[PDB]
């Protein structure tokens, strides 16, 4: 039914579709391949910023530590860090660049600042997420090889972690609002979940893309008009150099939100 709809959609796009939708207002969930591993690509940056915002509770002044960096830190996608190379940036500025632009160098500077890759994995365990695993730095974590467990999570686990962080009480209200705000002001997701949603709902989201035409989006949606919704949509294809399919994420989103 909903299965056959999602199964036909993913078949028509030559790939595998991973979906978790949570409605905290009713508690209900919707899963499709919700316990299968998918390469998370840049959507891990949501967990990264949440880890910094988490620490900003213990250390308030963290959001203002100034980070100097070097030409050697720059990557192909580093719009904000490239611009500020000769001046450096604050931890809060790196978070915003990381979430709202998917700046790869900003992400790497934040990983190092948190205490390395192990620190991100530790943070996920600390909120009860046993599926998340970060194995590489940017941009290597986007290889997305089929059935490769590195840099993966499951849709259900990512949805549960986002729900706890953006809507649950894993963060204090200001941190939570800051995270929602960064998500809400994301500029990279106009053609994904935001497209398939009602046009007056407000959406906050983090995209990801990788090889194998991997196209990801994770979002909190605020209906005007009801209780908030967490939607994870992960999509990966069979051909290594396939074009991304943001339309498929749009189609999956309107198929899912039809059930509400």
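Residue numbers count along the first chain shown, from 1.
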Do the C-alpha atoms of 205-213 or of 226-234 have the higher average B factor in the entry?
-> 226-234
So which stretch wins on mean C-alpha B-factor, 144-152 or 185-193?
-> 185-193
Give the position of residue 34 by CA B-factor within its chain, expressed as the lowest, middle or highest third.
-> middle
Is the Cα B-factor recorded for residue 125 in the lowest, middle or highest third of its chain?
-> middle
Once the chain's modelled residues are ordered by C-alpha B factor and cut into thirds, is residue 42 in the lowest, middle or highest one?
-> lowest
Looking at the entry's B-factor column for C-alpha atoms only, identify whether residue 48 ranks in the lowest, middle or highest third of its chain.
-> lowest
Would the CA B-factor of residue 112 place it in the lowest, middle or highest third of its chain?
-> lowest
